[PDB]
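**Q** I have a structure I would like to understand better, so I am pasting it below and will then ask my questions one at a time.
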Amino acid sequence: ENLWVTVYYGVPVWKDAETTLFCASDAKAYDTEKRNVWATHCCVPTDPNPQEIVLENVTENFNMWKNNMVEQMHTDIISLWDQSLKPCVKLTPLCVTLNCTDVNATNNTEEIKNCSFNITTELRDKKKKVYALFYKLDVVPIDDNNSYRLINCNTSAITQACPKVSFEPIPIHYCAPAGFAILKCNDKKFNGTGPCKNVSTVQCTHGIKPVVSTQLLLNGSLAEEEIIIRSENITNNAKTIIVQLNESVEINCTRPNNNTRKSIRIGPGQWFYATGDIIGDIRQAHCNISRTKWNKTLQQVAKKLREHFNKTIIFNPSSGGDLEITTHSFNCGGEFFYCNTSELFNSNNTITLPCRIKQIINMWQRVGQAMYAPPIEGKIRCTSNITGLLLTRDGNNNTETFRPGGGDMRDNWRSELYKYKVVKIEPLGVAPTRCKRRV
Amino acid sequence: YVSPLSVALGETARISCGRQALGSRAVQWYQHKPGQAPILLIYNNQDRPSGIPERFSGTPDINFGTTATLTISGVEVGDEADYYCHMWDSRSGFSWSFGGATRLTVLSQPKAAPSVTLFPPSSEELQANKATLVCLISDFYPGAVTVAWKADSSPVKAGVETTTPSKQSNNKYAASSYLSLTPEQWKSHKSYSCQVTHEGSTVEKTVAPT
Amino acid sequence: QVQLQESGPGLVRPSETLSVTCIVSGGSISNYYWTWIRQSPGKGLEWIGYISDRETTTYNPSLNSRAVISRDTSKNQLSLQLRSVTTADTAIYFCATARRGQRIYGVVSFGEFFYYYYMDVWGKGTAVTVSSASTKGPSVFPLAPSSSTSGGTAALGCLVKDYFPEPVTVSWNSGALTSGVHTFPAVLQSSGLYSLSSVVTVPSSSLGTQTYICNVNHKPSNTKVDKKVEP
Ligand SMILES: *[C@@H]1O[C@H](CO)[C@@H](O[C@@H]2O[C@H](CO)[C@@H](O[C@@H]3O[C@H](CO[C@H]4O[C@H](CO)[C@@H](O)[C@H](O[C@H]5O[C@H](CO)[C@@H](O)[C@H](O)[C@@H]5O)[C@@H]4O)[C@@H](O)[C@H](O[C@H]4O[C@H](CO)[C@@H](O)[C@H](O)[C@@H]4O)[C@@H]3O)[C@H](O)[C@H]2NC(C)=O)[C@H](O)[C@H]1NC(C)=O
Ligand SMILES: *[C@@H]1O[C@H](CO)[C@@H](O[C@@H]2O[C@H](CO)[C@@H](O[C@@H]3O[C@H](CO)[C@@H](O)[C@H](O[C@H]4O[C@H](CO)[C@@H](O)[C@H](O)[C@@H]4O)[C@@H]3O)[C@H](O)[C@H]2NC(C)=O)[C@H](O)[C@H]1NC(C)=O
Ligand SMILES: *[C@@H]1O[C@H](CO)[C@@H](O[C@@H]2O[C@H](CO)[C@@H](O)[C@H](O)[C@H]2NC(C)=O)[C@H](O)[C@H]1NC(C)=O
Ligand SMILES: *[C@@H]1O[C@H](CO)[C@@H](O)[C@H](O)[C@H]1NC(C)=O
Ligand SMILES: *[C@@H]1O[C@H](CO)[C@@H](O)[C@H](O)[C@H]1NC(C)=O
Ligand SMILES: *[C@@H]1O[C@H](CO)[C@@H](O)[C@H](O)[C@H]1NC(C)=O
C-alpha cells in the first residue's frame, strides 16, 4: 500500500522543440572540379548506413508550415551564398556607360546586345576599350540606344560568381544534435499537417537536393500512390498550394547558342568573364515537356483539386510579381533560365516554352548584393524530372482559377521537409512503485 | 573582281568560296562562260540539278566550321570558266551580290599552231573607194599572239586594228587583224604580208594586187 | 522542261527607259519565281531584282530607285524596265526562273529559318548597249576564194564592215551550210563602229559554182543583207 516515487533515467519521452541542426553530406569525391556552395569547404560525412527506427504504436501530430527545419535551411542557403560570393571578384567598375548595338540575326524581333565600353586596366592610369555581349534583361538604356548600363548599377553593387564554385544541387541530410531526434512521418497519403499513424525516428534526414525553382518543382521526391495537395489553409487564397506528383513529367531545357568566354582583366588579379561573340546560329533557349504527359498530369491534378473546393477549375498564367516570380526560373548548367509557362497554364507534339536568360540576378528577393552568373562555354543542355507544382488562388465558389506562383522560396524546402519534425528528449521520468531506499 | 585559279589537265580542283559563313548556310555554285548563259552546278550545298555530272560537288555543313569548296574532279578543257559562289547564312541578311568571280584556267593544254588566212580587199570595197586587208587567225593555243604588218620589207604600223584573242567552240582561240588602206595605197606596193607570231614561231602570209 | 527567250532593243539612249522581255514556253508564269541578272563588261554579274508567283517584287538596294519588274498573265512573258539608264547600265541581261527554298536550322515557331533563292533555268541572254550614238547598218562585201591550201580545201567568206552596235548574226545559205563555218569576233574601230568577218572552208572541188550566199542580220539597224560570193 505504501507507494514511493522512483526516478527513471532514459525514458522515451519527448517534447516539440527547435534547435540548431547541422549539415551532413555523403562522402563524394569532387577532384577535377570541386567546392560547390552546399558541400562547402567542409560538411560532416553521413553514417555509412543511417538507421531508421520505426516507433511502434506512436501517433504524432505534424505541421510542415510551422516547421523550424524550413526556416533554418532557408537562412542556411542564404548565408552559404554570401560565404561563396565574398572572396569572388566584384564588378563595381563594370558600371561604366556601355555603347550597345543589336547582335546579327534575321529581322524577326533582339534580346542579345553587343556592347562596347571603356574599362579600367591592370594599371590605374590606363584604360582599355573592350566589347562584350549582354542579354536585354541585364542592361537598360541610360538615355538612348546609341550607348546603356547594367540593370543593377543604380540599385546596388554587383559581384561575379567564382568560376570554380558550381550551382549544382547535391544531396544534403539535415541532422539533429545528441539529446534530440527527428521524427519521420511514414504515412503514404499524408496531408500537410495533422496526426501521422505510422511514425519512425532518424538522426538525419534523407538526401534533399536544394533545387532553386519557381512555379513547377524540379528533382523532388514523388508522392506515393495518389497525388497529394498540400496547403497551410485551403480556404485562404494568400497562402500558396504545394502539389506533389506521383508520376514524374520530364523537362528538357537547352541553350543552343555556342557562347564564348572572354577573360578581360579589369585589375591586379581581377578577371571579369564576359561573353565573347556567339559561334554559329542565333537560337533562343527553350524547354520541352510532353503534351500527352502534361495534359494527363494536369487532368489528375484537377480531380484531386475538386476534393477540396469541389465545380469549374481553370488554369491561367502568372499576372503578378517580378520577372523572376512570373516565369519558371531555375538554373541549368550554370546559366539562369526564365521560361514562359503561359503555354502550360491555359486550360509527340511536345509543348515548347520560350526561355529567356539573365546573368545579373538577385535571388531570395535579395536587395543589395547582385550576382553575375559567368557565361558558360559551349551549348547547354539539361534534362530534369518535374515532381511538383506551386499554385496560387486569385481569391466565389462559382469558378476557381489557379495561377502558378513562387512568392516564397521556403515552399521548395517545405516540399521535401513536409515529412520531418524536430523534438527534444526529456529522459527524466518519475513514477510510483512499492520500493523505498535504505533509511 | 575576279581571282585566278590554275589547275593541271585531268587533276582534281577545289574552289575556295570567298566570304565564308557565320552560321548555317545554303550556298549555290554557278559556272559562267563569258558571253554565254550561267549554269548552276550546285543549288543546295550537296545537291545538283539533273544533267550536271558527278564530277562537281560542294561541301555540306553537317558540323559548323566547314568551309564552302566547289570540288571539280577530272578537270578538262571545257571546265575553264568563271565560278560564282552565292552565299546565304543565318546571321547575315539578304545576299544580293554573288561571290567574287573565280577564273579557272586549265594548264598543260596542247599548244596549237595558228591557222592564218590573209584576204585582199574585195572588188566591191575597192568600188566604194576603201581598202582593208583582213588577216584571220584561228585554232591556236595559248591564246596570245602579236600581229605585225608589212608592205614589202617595211612595216606598216598605221591603220592597224586587231582584236584580242577570244575562245571558240574548239576551245582554241580566234583573233582577227584589220589593216585599213586607200585603194591607191594598196595598188602602190608590190605585196602585203601579215606576220603572226605565236610563242617562238612566226607564220607569214603574203597577198599582192592581181 | 522550261525555255526562256529574252527579246530587247539592243541599243538605248542615256536618260531613257530600257525595256527587255523574257518569253517563257515551258509552264505557267504564276507557279515559279522569276528574276533578272546582268553581266556588264569588266565587272562580275549583278542580281538586280525578282518577282514572285504571287506578283510581289523585290529589288537590289543599289538599283531599287530605278528598276521595275512585271509579269504578263496572258502572255507567258516578264518585262524589266529601267529608268534613267547610263553608260554603266550597258550589260548582257539574263532572265531566269528562281526557286525559293527555306533553310531551317532550329525550331520553326521561334523563327530560326531563312529563305534562299536559286536560279535553276536561265535564258540565253540579250545584249544591251547604252549610247547616244545612232544606229548604223553594216556594209557587206564578199571575200573571194584565193584558189588557199593543197586540195581539197579552199577558203572564202564575207566581210561585215563598220556597224553599231553589237551584235551581228551571220549564217550561210539561210543556215543550210553548217560545215566549215567560223564567224570571228568583231573589232571596235577608232571610228566607234564594230567590224567582223565570217569565213567558210569549202573543198576546191565544190567551187564552183555552189552559189554560196552569206545572210547577215543586224537587229538594231533592221537591215537583213544577203550577199553572193564568187571568184
Ligand atoms: C503496441 O500496442 C499493442 C496494443 O496495446 C500492444 O499489444 C499487446 O501486447 C501485450 C503484451 O505487451 C499483449 O498482452 C499479452 O498477450 C499475450 C498474448 O496471448 C498469447 O496466447 C494466445 C495463444 O493461444 C495468442 O492469443 C497470442 O498470440 C499473439 O502473440 C504472439 C506472441 O507469441 C504473436 O506472435 C502473435 O502475433 C499473436 O498476436 C499469444 O500466443 C499473453 O500471453 C500475455 O500474458 C503473458 O505476459 C504477461 C506480462 O506481459 C503476464 O502477466 C502473463 O502472466 C503472461 O505471462 C499478455 O496478456 C496483448 O495481447 C497485445 N494486444 C492488445 C492489448 O490488444 C503492444 O504491447 C504494443 N507493441 C509494441 C511493439 O510496443
Ligand atoms: C489534412 O489532413 C487532415 C485530414 O483529416 C485534416 O486534419 C484536421 O481536419 C479537420 C477539418 O479541417 C479539423 O477539425 C475539424 O473541424 C471541423 C469544422 O469545424 C469539424 O466539423 C470537425 O469535427 C469532427 O470531429 C469531432 C471530434 O470530437 C467529432 O465530433 C466529429 O467526428 C466531427 O465530424 C473537426 O473539429 C482539424 O483542425 C484538422 N487538423 C488537425 C491538426 O487535426 C486537415 O484539415 C486536412 N487539410 C488541411 C488543409 O490541412
Ligand atoms: C514505413 O513502412 C514501410 C512498409 O511498412 C517500411 O519499409 C521497409 O523498410 C525495411 C527496412 O527496415 C526494408 O527492409 C523493407 O524492404 C521495407 N518495406 C518495403 C515494402 O519496401 C519502413 O518501416 C517505413 N518506411 C521507410 C522509408 O523506412
Ligand atoms: C572610351 O574612352 C575614350 C577615351 O579614352 C573615349 O574617346 C570614348 O568616347 C569612350 N567610349 C565610349 C563608348 O564612350
Ligand atoms: C559609340 O557611341 C556613339 C554615340 O555617341 C556611336 O556613334 C558609335 O557608333 C559607337 N561606337 C561603336 C563602336 O559602337
Ligand atoms: C483559414 O482561412 C480563413 C480565410 O479564408 C481564415 O478566416 C482562418 O482564420 C484561417 N485559419 C488558419 C489557421 O489559417
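Naming scheme: A, B, ... for chains in displayed order of the C-alpha cells; residues 1 onward per chain; ligands 1 onward as shown.
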Please list as a ChimeraX atom specification every residue within 12 Å of stretch 188-194 of chain C, counting only C-alpha atoms and excluding residues in the same chain fewer than 4 positions away.

**A** /B:159-164,176-180 /C:131-139,159-168,184,218

**Q** What residues of the protein or nucleic acid chains come within 9 Å of ligand 5 when you use only C-alpha atoms and all ligand atoms? Reply as an mmCIF file with C-alpha atoms, in the first residue's frame.

**A**
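The resulting out-v1.cif:
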```cif
data_model
loop_
_atom_site.group_PDB
_atom_site.id
_atom_site.type_symbol
_atom_site.label_atom_id
_atom_site.label_comp_id
_atom_site.auth_asym_id
_atom_site.auth_seq_id
_atom_site.Cartn_x
_atom_site.Cartn_y
_atom_site.Cartn_z
ATOM 1 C CA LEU A 98 28.016 50.922 -72.307
ATOM 2 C CA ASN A 99 27.941 51.533 -76.075
ATOM 3 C CA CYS A 100 25.429 48.881 -77.289
ATOM 4 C CA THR A 101 24.124 47.572 -80.631
ATOM 5 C CA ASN A 114 26.824 43.627 -78.471
ATOM 6 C CA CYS A 115 28.148 46.288 -76.072
ATOM 7 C CA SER A 116 31.428 48.251 -76.293
ATOM 8 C CA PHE A 117 32.726 50.152 -73.250
ATOM 9 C CA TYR A 131 33.362 44.748 -76.066
ATOM 10 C CA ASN A 145 20.093 53.106 -77.720
ATOM 11 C CA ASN A 146 23.271 54.747 -79.151
ATOM 12 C CA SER A 147 25.012 53.757 -75.919
#
```

**Q** Using only C-alpha atoms, which chain A residues lie at most 9 Å away from chain C, written as a compact mmCIF listing (two decimals) with C-alpha atoms, in the first residue's frame?

**A**
```
# COMPACT_ATOMS: atom_id res chain seq x y z
CA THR A 106 17.32 37.66 -89.30
CA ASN A 108 12.10 38.85 -86.83
CA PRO A 256 21.52 26.15 -78.27
CA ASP A 281 23.32 30.30 -85.21
CA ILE A 282 21.24 32.62 -83.03
CA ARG A 283 18.67 30.36 -81.36
CA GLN A 284 16.97 31.39 -78.12
CA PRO A 354 10.16 30.36 -74.70
```

**Q** What does the distance from atom CA of residue B:109 to atom CA of residue C:179 come to in Å, to one decimal?

**A**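 Pair atom CA of residue B:109 / atom CA of residue C:179 returns 25.4 Å.
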
**Q** Residues of chain C near chain B: apply a cut-off of 6 Å, count only C-alpha atoms, and supply the list as an MDAnalysis selection string.

**A** chainID C and resid 124 143 187

**Q** Residues of chain A within 10 Å of chain B, counting only C-alpha atoms, what are they? List them as a list in words.

**A**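 Residues of chain A within 10 Å of chain B, counting only C-alpha atoms: residues 103, 104, 105, 106, 107, 278, 279, 280, 281 and 282 of chain A.
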
**Q** Kindly work out which residues sit at most 10 Å from ligand 3, using only C-alpha atoms and all ligand atoms, and give the list as a list in words.

**A**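 Based on only C-alpha atoms and all ligand atoms, ligand 3 is surrounded within 10 Å by residues 51, 52, 53, 54, 55, 56, 184, 185, 186, 187, 188, 198, 199, 200, 201, 202 and 206 of chain A.
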
**Q** Could you please take those selected residues and save C-alpha atoms as a short mmCIF file (atom, residue, chain, number, x, y, z; two decimals), in the first residue's frame?

**A**
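As a result, part.cif now contains:
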```
data_model
loop_
_atom_site.label_atom_id
_atom_site.label_comp_id
_atom_site.auth_asym_id
_atom_site.auth_seq_id
_atom_site.Cartn_x
_atom_site.Cartn_y
_atom_site.Cartn_z
CA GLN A 51 19.29 3.74 -39.04
CA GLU A 52 15.57 4.43 -39.32
CA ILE A 53 13.81 3.11 -36.21
CA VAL A 54 10.08 2.50 -36.63
CA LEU A 55 8.36 3.73 -33.46
CA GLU A 56 5.61 1.17 -32.90
CA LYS A 184 9.67 10.97 -39.88
CA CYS A 185 6.07 10.54 -41.00
CA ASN A 186 5.91 7.20 -42.82
CA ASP A 187 2.21 7.65 -43.83
CA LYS A 188 1.58 7.23 -47.59
CA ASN A 198 2.97 5.31 -38.88
CA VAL A 199 6.00 7.18 -37.46
CA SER A 200 9.73 6.45 -37.34
CA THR A 201 12.74 8.29 -35.91
CA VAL A 202 16.04 9.18 -37.52
CA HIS A 206 17.10 11.71 -46.49
#
```

**Q** Residues near residue B:147, anyone? I mean within 7 Å using only C-alpha atoms, not counting same-chain ones fewer than 4 positions away, as JSON, numbers by chain.

**A** {"B": [195, 196, 197]}

**Q** Would you list the residues that come within 10 Å of ligand 2? Count only C-alpha atoms and all ligand atoms and give the answer as an NGL selection string.

**A** :A and (61-65 or 189-196 or 228-236 or 241 or 308)

**Q** Since we have the selection now, will you write its residues out, keeping N, CA, C and O atoms, as a compact mmCIF listing (two decimals), in the first residue's frame?

**A**
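Result file again_38.txt:
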```txt
# COMPACT_ATOMS: atom_id res chain seq x y z
N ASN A 61 1.43 14.37 -34.03
CA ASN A 61 0.86 15.46 -34.81
C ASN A 61 2.00 16.26 -35.45
O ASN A 61 2.90 16.72 -34.75
N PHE A 62 1.95 16.40 -36.77
CA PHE A 62 2.96 17.12 -37.55
C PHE A 62 2.43 18.47 -38.02
O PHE A 62 1.21 18.70 -38.04
N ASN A 63 3.34 19.36 -38.40
CA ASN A 63 3.00 20.61 -39.07
C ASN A 63 4.17 21.09 -39.92
O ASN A 63 5.18 21.57 -39.40
N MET A 64 4.04 20.93 -41.24
CA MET A 64 5.06 21.37 -42.19
C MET A 64 5.18 22.90 -42.31
O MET A 64 6.24 23.41 -42.67
N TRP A 65 4.10 23.62 -42.00
CA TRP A 65 4.03 25.08 -42.19
C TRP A 65 4.55 25.86 -40.99
O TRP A 65 4.97 27.02 -41.13
N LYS A 189 -0.49 8.52 -47.67
CA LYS A 189 -1.41 9.57 -48.13
C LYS A 189 -1.33 10.80 -47.21
O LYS A 189 -2.35 11.47 -46.98
N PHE A 190 -0.14 11.13 -46.71
CA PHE A 190 -0.01 12.12 -45.65
C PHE A 190 -0.35 13.51 -46.16
O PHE A 190 0.23 13.98 -47.13
N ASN A 191 -1.31 14.15 -45.49
CA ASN A 191 -1.65 15.55 -45.74
C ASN A 191 -0.49 16.41 -45.22
O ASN A 191 0.45 15.89 -44.64
N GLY A 192 -0.56 17.72 -45.43
CA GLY A 192 0.48 18.60 -44.91
C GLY A 192 0.65 18.45 -43.40
O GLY A 192 1.73 18.12 -42.91
N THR A 193 -0.46 18.63 -42.68
CA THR A 193 -0.47 18.63 -41.22
C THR A 193 -1.42 17.56 -40.69
O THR A 193 -2.05 16.83 -41.46
N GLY A 194 -1.51 17.47 -39.36
CA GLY A 194 -2.38 16.51 -38.68
C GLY A 194 -1.59 15.33 -38.13
O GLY A 194 -0.37 15.28 -38.28
N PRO A 195 -2.29 14.38 -37.48
CA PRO A 195 -1.62 13.18 -36.96
C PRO A 195 -1.12 12.22 -38.05
O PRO A 195 -1.75 12.09 -39.10
N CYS A 196 0.02 11.59 -37.78
CA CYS A 196 0.61 10.58 -38.66
C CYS A 196 0.63 9.27 -37.88
O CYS A 196 1.27 9.20 -36.84
N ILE A 228 -0.74 14.28 -53.83
CA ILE A 228 -1.10 14.97 -52.60
C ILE A 228 -1.11 16.47 -52.84
O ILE A 228 -0.18 17.02 -53.45
N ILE A 229 -2.16 17.13 -52.36
CA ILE A 229 -2.30 18.57 -52.44
C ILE A 229 -2.09 19.11 -51.03
O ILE A 229 -2.89 18.82 -50.13
N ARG A 230 -1.03 19.89 -50.83
CA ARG A 230 -0.71 20.45 -49.51
C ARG A 230 -0.92 21.96 -49.51
O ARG A 230 -0.60 22.65 -50.48
N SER A 231 -1.48 22.46 -48.41
CA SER A 231 -1.66 23.89 -48.20
C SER A 231 -1.76 24.18 -46.70
O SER A 231 -2.22 23.33 -45.93
N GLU A 232 -1.30 25.36 -46.30
CA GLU A 232 -1.44 25.82 -44.91
C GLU A 232 -2.90 26.03 -44.54
O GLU A 232 -3.32 25.72 -43.42
N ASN A 233 -3.65 26.59 -45.48
CA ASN A 233 -5.07 26.83 -45.31
C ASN A 233 -5.70 26.89 -46.70
O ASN A 233 -5.40 27.80 -47.48
N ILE A 234 -6.56 25.92 -47.00
CA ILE A 234 -7.13 25.78 -48.34
C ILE A 234 -8.10 26.91 -48.68
O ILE A 234 -8.14 27.38 -49.82
N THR A 235 -8.87 27.37 -47.68
CA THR A 235 -9.82 28.47 -47.88
C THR A 235 -9.17 29.87 -48.00
O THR A 235 -9.83 30.80 -48.46
N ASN A 236 -7.90 30.00 -47.59
CA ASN A 236 -7.17 31.27 -47.68
C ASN A 236 -6.37 31.36 -48.99
O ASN A 236 -5.42 30.60 -49.20
N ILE A 241 -0.13 26.81 -52.66
CA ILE A 241 -0.57 25.42 -52.69
C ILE A 241 0.54 24.55 -53.26
O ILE A 241 0.85 24.64 -54.45
N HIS A 308 -11.35 19.27 -52.54
CA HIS A 308 -11.40 20.36 -51.56
C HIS A 308 -12.50 21.36 -51.86
O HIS A 308 -13.42 21.53 -51.07
```

**Q** Excluding same-chain residues fewer than 6 positions from residue A:79, what lies within 12 Å of it counting only C-alpha atoms, as a short mmCIF file (atom, residue, chain, number, x, y, z; two decimals) with N, CA, C and O atoms, in the first residue's frame?

**A**
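Once everything was written out, this is result_17.cif:
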```cif
data_model
loop_
_atom_site.label_atom_id
_atom_site.label_comp_id
_atom_site.auth_asym_id
_atom_site.auth_seq_id
_atom_site.Cartn_x
_atom_site.Cartn_y
_atom_site.Cartn_z
N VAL A 37 28.74 25.18 -53.40
CA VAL A 37 28.27 26.05 -52.30
C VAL A 37 27.53 25.35 -51.14
O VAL A 37 27.48 25.89 -50.03
N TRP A 38 26.96 24.17 -51.38
CA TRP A 38 26.20 23.43 -50.35
C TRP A 38 27.05 22.41 -49.57
O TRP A 38 26.79 22.18 -48.39
N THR A 40 30.42 22.99 -49.42
CA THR A 40 31.37 23.98 -48.86
C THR A 40 32.78 23.39 -48.64
O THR A 40 33.07 22.27 -49.06
N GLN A 72 15.35 27.28 -40.90
CA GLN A 72 16.80 27.09 -40.75
C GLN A 72 17.50 26.84 -42.08
O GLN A 72 18.53 27.46 -42.34
N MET A 73 16.95 25.95 -42.90
CA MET A 73 17.53 25.68 -44.22
C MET A 73 17.54 26.95 -45.07
O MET A 73 18.56 27.26 -45.69
N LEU A 85 30.25 34.06 -52.31
CA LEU A 85 30.44 35.30 -53.09
C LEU A 85 31.46 36.29 -52.52
O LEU A 85 31.95 37.14 -53.26
N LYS A 86 31.75 36.18 -51.22
CA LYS A 86 32.65 37.13 -50.54
C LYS A 86 34.07 37.23 -51.13
O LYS A 86 34.53 38.34 -51.39
N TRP A 364 16.13 35.00 -53.83
CA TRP A 364 15.50 35.15 -52.49
C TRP A 364 15.05 36.59 -52.19
O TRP A 364 15.05 37.02 -51.04
N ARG A 366 16.60 39.23 -52.75
CA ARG A 366 17.73 39.89 -52.09
C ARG A 366 17.92 41.28 -52.68
O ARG A 366 18.04 41.44 -53.90
#
```

**Q** Quick check, in Å to one decimal: how far apart do atom CA of residue A:379 and atom CA of residue A:255 lie?

**A**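 One can read the atom CA of residue A:379 to atom CA of residue A:255 distance as 6.0 Å.
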
**Q** Compile the contact shell of residue C:199 as a PyMOL selection string: residues with an atom at most 6 Å away, counting only C-alpha atoms, same-chain residues fewer than 5 positions apart removed.

**A** chain C and resi 156-157+181-182

**Q** According to DSSP computed on the backbone, where in stretch 27-197 of chain B is there strand (DSSP E or B)? Give the residues as an MDAnalysis selection string.

**A** chainID B and resid 28:32 39:42 44 47 56:58 69:72 82:86 89 102:107 112 115:119 131:141 145:151 154:155 160:162 166:167 173:181 192:197

**Q** Env of residue C:38: 7 Å cut, atoms = only C-alpha atoms, seq-sep filter 2 positions within chain, self excluded. Answer as a list in words.

**A**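 Skipping anything fewer than 2 positions along the chain leaves residues 36, 40, 45, 46, 47, 91, 92, 93 and 94 of chain C.
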
**Q** Just asking: which residues within stretch 273-374 of chain A are alpha helix (DSSP H) according to DSSP, as a PyMOL selection string?

**A** chain A and resi 291-305+323-326

**Q** Report as a PyMOL selection string all protein, DNA and RNA residues lying within 7 Å of stretch 5-13 of chain C, evaluated on only C-alpha atoms, omitting residues in the same chain fewer than 5 positions from it.

**A** chain C and resi 18-24+123-132+165+220

**Q** If I take atom CA of residue A:358 and atom CA of residue A:327, how far is one from the other in Å, to one decimal?

**A**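 Atom-to-atom, atom CA of residue A:358 and atom CA of residue A:327 are spaced 12.0 Å apart.
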